[PDB]
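*Asks:* Coordinates in query_26.cif, mmCIF, C-alpha atoms, are listed below.
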data_structure
loop_
_atom_site.label_atom_id
_atom_site.label_comp_id
_atom_site.auth_asym_id
_atom_site.auth_seq_id
_atom_site.Cartn_x
_atom_site.Cartn_y
_atom_site.Cartn_z
CA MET D 1 21.96 -218.24 -88.99
CA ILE D 2 23.73 -217.25 -85.80
CA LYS D 3 21.35 -215.69 -83.24
CA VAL D 4 22.96 -212.78 -81.37
CA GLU D 5 21.21 -210.85 -78.55
CA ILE D 6 22.13 -207.50 -77.05
CA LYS D 7 20.55 -207.52 -73.49
CA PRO D 8 19.30 -204.25 -71.83
CA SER D 9 22.44 -204.29 -69.68
CA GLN D 10 24.74 -204.42 -72.76
CA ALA D 11 23.50 -201.26 -74.44
CA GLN D 12 26.83 -199.38 -73.98
CA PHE D 13 30.40 -199.66 -75.13
CA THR D 14 33.65 -199.06 -73.38
CA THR D 15 36.73 -197.57 -75.06
CA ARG D 16 40.35 -198.62 -74.90
CA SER D 17 43.17 -196.48 -76.19
CA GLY D 18 46.81 -196.38 -77.11
CA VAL D 19 49.45 -195.57 -79.67
CA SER D 20 50.53 -197.56 -82.75
CA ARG D 21 54.13 -198.71 -83.46
CA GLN D 22 54.97 -195.49 -85.32
CA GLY D 23 53.23 -192.99 -82.99
CA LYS D 24 49.56 -192.65 -84.27
CA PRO D 25 46.77 -192.54 -81.55
CA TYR D 26 43.95 -195.09 -81.77
CA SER D 27 40.70 -195.83 -79.93
CA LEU D 28 38.75 -199.08 -79.97
CA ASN D 29 35.13 -199.36 -78.82
CA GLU D 30 34.06 -202.72 -77.41
CA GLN D 31 30.58 -204.06 -76.70
CA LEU D 32 29.24 -207.32 -75.21
CA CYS D 33 26.54 -209.65 -76.45
CA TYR D 34 25.14 -213.12 -76.02
CA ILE D 35 25.44 -215.66 -78.81
CA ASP D 36 23.60 -218.94 -79.00
CA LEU D 37 26.20 -221.54 -79.83
CA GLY D 38 23.90 -224.47 -79.23
CA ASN D 39 24.95 -225.13 -75.59
CA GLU D 40 22.46 -225.08 -72.63
CA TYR D 41 22.60 -221.23 -72.37
CA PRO D 42 23.87 -218.47 -74.76
CA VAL D 43 27.49 -217.43 -74.15
CA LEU D 44 29.00 -214.01 -73.44
CA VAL D 45 31.03 -212.63 -76.38
CA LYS D 46 33.01 -209.39 -76.74
CA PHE D 47 33.44 -207.58 -80.07
CA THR D 48 34.98 -204.37 -81.38
CA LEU D 49 32.85 -201.86 -83.28
CA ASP D 50 33.90 -200.24 -86.57
CA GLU D 51 35.02 -196.59 -86.50
CA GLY D 52 32.18 -194.07 -86.13
CA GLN D 53 29.59 -196.73 -85.29
CA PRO D 54 27.29 -196.35 -82.19
CA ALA D 55 26.68 -199.23 -79.81
CA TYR D 56 24.05 -201.65 -81.12
CA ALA D 57 20.70 -201.13 -79.34
CA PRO D 58 19.09 -204.01 -77.23
CA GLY D 59 17.52 -206.65 -79.41
CA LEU D 60 17.98 -209.60 -81.72
CA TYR D 61 20.57 -209.70 -84.50
CA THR D 62 22.28 -212.05 -86.97
CA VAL D 63 25.87 -211.87 -88.38
CA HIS D 64 26.60 -209.94 -91.63
CA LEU D 65 28.69 -211.54 -94.43
CA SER D 66 31.28 -208.77 -94.09
CA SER D 67 32.33 -210.31 -90.75
CA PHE D 68 34.35 -212.92 -92.64
CA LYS D 69 37.63 -212.91 -94.59
CA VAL D 70 40.11 -215.44 -95.99
CA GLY D 71 43.17 -215.50 -93.66
CA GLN D 72 46.87 -215.79 -94.38
CA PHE D 73 46.74 -219.61 -94.39
CA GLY D 74 43.91 -219.75 -96.99
CA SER D 75 41.16 -220.63 -94.43
CA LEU D 76 38.08 -218.63 -93.35
CA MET D 77 38.37 -216.36 -90.34
CA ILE D 78 36.21 -213.84 -88.55
CA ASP D 79 37.60 -210.36 -89.09
CA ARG D 80 35.18 -208.45 -86.80
CA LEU D 81 31.64 -209.39 -85.71
CA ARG D 82 29.35 -207.08 -87.73
CA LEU D 83 25.65 -207.36 -86.98
CA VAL D 84 22.36 -206.71 -88.76
CA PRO D 85 18.82 -206.70 -87.24
CA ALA D 86 16.96 -209.99 -87.25
CA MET Q 1 23.61 -217.60 -94.37
CA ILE Q 2 26.99 -218.22 -95.94
CA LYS Q 3 26.73 -219.96 -99.32
CA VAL Q 4 29.49 -222.56 -99.83
CA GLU Q 5 29.93 -224.58 -103.05
CA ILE Q 6 31.98 -227.72 -103.61
CA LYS Q 7 32.72 -227.76 -107.44
CA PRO Q 8 33.09 -231.09 -109.38
CA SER Q 9 36.86 -230.55 -109.35
CA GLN Q 10 36.94 -230.25 -105.52
CA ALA Q 11 35.40 -233.61 -104.72
CA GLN Q 12 38.60 -235.01 -103.11
CA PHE Q 13 40.81 -234.32 -100.14
CA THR Q 14 44.52 -234.41 -99.70
CA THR Q 15 46.26 -235.55 -96.51
CA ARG Q 16 49.14 -234.03 -94.62
CA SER Q 17 50.97 -235.83 -91.86
CA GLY Q 18 53.41 -235.48 -89.02
CA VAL Q 19 54.20 -236.04 -85.38
CA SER Q 20 53.06 -234.06 -82.32
CA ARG Q 21 55.42 -232.48 -79.73
CA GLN Q 22 55.46 -235.63 -77.60
CA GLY Q 23 55.71 -238.23 -80.40
CA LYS Q 24 52.05 -239.11 -81.42
CA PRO Q 25 51.35 -239.47 -85.24
CA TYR Q 26 48.60 -237.33 -86.78
CA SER Q 27 46.92 -236.95 -90.17
CA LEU Q 28 44.89 -233.99 -91.39
CA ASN Q 29 42.57 -234.14 -94.41
CA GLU Q 30 42.07 -230.90 -96.32
CA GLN Q 31 39.48 -230.00 -98.94
CA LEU Q 32 38.81 -226.89 -101.06
CA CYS Q 33 35.60 -224.98 -101.68
CA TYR Q 34 34.26 -221.72 -102.98
CA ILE Q 35 32.58 -219.27 -100.63
CA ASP Q 36 30.55 -216.28 -101.66
CA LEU Q 37 31.84 -213.39 -99.59
CA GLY Q 38 29.93 -210.77 -101.53
CA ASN Q 39 32.77 -209.83 -103.94
CA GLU Q 40 32.45 -210.08 -107.78
CA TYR Q 41 33.21 -213.86 -107.76
CA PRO Q 42 33.25 -216.53 -104.96
CA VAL Q 43 36.67 -217.05 -103.35
CA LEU Q 44 38.75 -220.21 -102.93
CA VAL Q 45 38.90 -221.44 -99.30
CA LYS Q 46 40.72 -224.40 -97.74
CA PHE Q 47 39.41 -226.28 -94.69
CA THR Q 48 40.33 -229.30 -92.60
CA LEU Q 49 37.85 -232.15 -92.16
CA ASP Q 50 37.05 -233.76 -88.79
CA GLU Q 51 38.47 -237.22 -88.06
CA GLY Q 52 36.71 -240.08 -89.87
CA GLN Q 53 34.74 -237.74 -92.16
CA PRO Q 54 34.70 -238.30 -95.99
CA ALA Q 55 35.18 -235.42 -98.41
CA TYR Q 56 31.98 -233.43 -98.93
CA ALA Q 57 30.35 -234.31 -102.29
CA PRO Q 58 29.87 -231.59 -105.06
CA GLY Q 59 27.01 -229.27 -104.27
CA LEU Q 60 25.67 -226.38 -102.24
CA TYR Q 61 26.17 -226.06 -98.49
CA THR Q 62 25.84 -223.61 -95.58
CA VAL Q 63 27.97 -223.37 -92.37
CA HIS Q 64 26.96 -225.32 -89.21
CA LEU Q 65 26.84 -223.58 -85.79
CA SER Q 66 29.50 -225.97 -84.47
CA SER Q 67 32.05 -224.17 -86.68
CA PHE Q 68 32.27 -221.39 -84.08
CA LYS Q 69 33.82 -221.05 -80.61
CA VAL Q 70 34.69 -218.27 -78.15
CA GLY Q 71 38.50 -217.72 -78.32
CA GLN Q 72 41.05 -216.97 -75.63
CA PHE Q 73 40.43 -213.20 -75.86
CA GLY Q 74 36.64 -213.55 -75.35
CA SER Q 75 35.75 -212.93 -79.05
CA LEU Q 76 34.14 -215.27 -81.61
CA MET Q 77 36.39 -217.36 -83.82
CA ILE Q 78 35.99 -220.06 -86.42
CA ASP Q 79 37.26 -223.35 -85.03
CA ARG Q 80 36.86 -225.47 -88.21
CA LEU Q 81 34.49 -224.95 -91.16
CA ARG Q 82 31.79 -227.63 -90.72
CA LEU Q 83 29.19 -227.81 -93.46
CA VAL Q 84 25.59 -228.96 -93.85
CA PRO Q 85 23.59 -229.37 -97.12
CA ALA Q 86 21.64 -226.36 -98.30
#
Let me see the file written as structure tokens.

*Replies:*
Amino acid sequence: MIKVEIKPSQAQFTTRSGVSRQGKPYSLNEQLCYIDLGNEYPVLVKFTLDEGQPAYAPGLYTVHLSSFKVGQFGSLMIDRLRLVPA
Amino acid sequence: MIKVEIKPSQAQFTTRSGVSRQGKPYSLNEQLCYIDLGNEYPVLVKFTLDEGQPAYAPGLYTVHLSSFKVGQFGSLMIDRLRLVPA
């Protein structure tokens, strides 16, 4: 299991916006977290939330299986970091 | 935890080869596995082994933390699927 932490200072998201190739508006909500990758300190990671999802609250989380997909070259990839409470 | 299985038929690797942009030879060893991504059946996934590593033997495995890195856009990515026995 991957240990993810949302710190008190990371309790909010920011939103970026634009327009797709054929004219549709979009909005993407991004939040920050710390992930323990086995180095001397956890590292800062950004991720995009799914549509209609609030920012994750401060606390400890692990990564859900739905974060992963098989890519176009037949290998595993992360689609979007989706979290569940520890 | 991600559940990975090496079937009896997947006990071997194949090797691809070539030459880098400035002339150095390389070899990459690739092996297949099945990963349970929560769909009705496990899916077929290819991955490259690290240098000097034998093919994983048939059996059940999970993914090691060293499989992950922060990418150039600040988000989590899989570098190479590295496995450890379940």

*Asks:* Translate the PyMOL selection byres ((chain Q) within 6 of (chain D)) into a concrete residue list for this structure, as a PDB file with C-alpha atoms, in the coordinates of the input.

*Replies:*
ATOM      1  CA  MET Q   1      23.610-217.600 -94.370  1.00  0.00           C
ATOM      2  CA  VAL Q  45      38.900-221.440 -99.300  1.00  0.00           C
ATOM      3  CA  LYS Q  46      40.720-224.400 -97.740  1.00  0.00           C
ATOM      4  CA  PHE Q  47      39.410-226.280 -94.690  1.00  0.00           C
ATOM      5  CA  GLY Q  74      36.640-213.550 -75.350  1.00  0.00           C
ATOM      6  CA  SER Q  75      35.750-212.930 -79.050  1.00  0.00           C
ATOM      7  CA  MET Q  77      36.390-217.360 -83.820  1.00  0.00           C
ATOM      8  CA  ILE Q  78      35.990-220.060 -86.420  1.00  0.00           C
TER       9      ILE Q  78
END

*Asks:* I'd like the neighbourhood of residue 11 of chain D as a ChimeraX atom specification, where a residue qualifies if any of its atoms comes within 8 Å (using only C-alpha atoms), though same-chain residues fewer than 5 positions away should be ignored.

*Replies:* /D:6,31,55-58

*Asks:* Could you state the separation of atom CA of residue 60 of chain D and atom CA of residue 9 of chain D in Å, given to one decimal place?

*Replies:*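 Computing the Euclidean distance for atom CA of residue 60 of chain D and atom CA of residue 9 of chain D yields 13.9 Å.
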
*Asks:* Residues picked by the PyMOL selection byres ((chain Q and resi 29) around 10) here, as a list in words?

*Replies:* residues 12, 13, 14, 15, 16, 17, 27, 28, 30, 31, 47, 48, 49, 50, 51, 52, 53, 54 and 55 of chain Q

*Asks:* Atom CA of residue 26 of chain Q and atom CA of residue 5 of chain Q, how far apart in Å?

*Replies:* 27.9 Å

*Asks:* Please measure the separation of atom CA of residue 8 of chain Q and atom CA of residue 85 of chain Q, giving the value in Å to one decimal.

*Replies:*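 Straight-line distance from atom CA of residue 8 of chain Q to atom CA of residue 85 of chain Q works out to 15.6 Å.
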
*Asks:* From the options Q:20, Q:4, Q:72, Q:59, which residue's atoms come nearest to residue 42 of chain Q, counting all atoms listed in the file?

*Replies:* Q:4
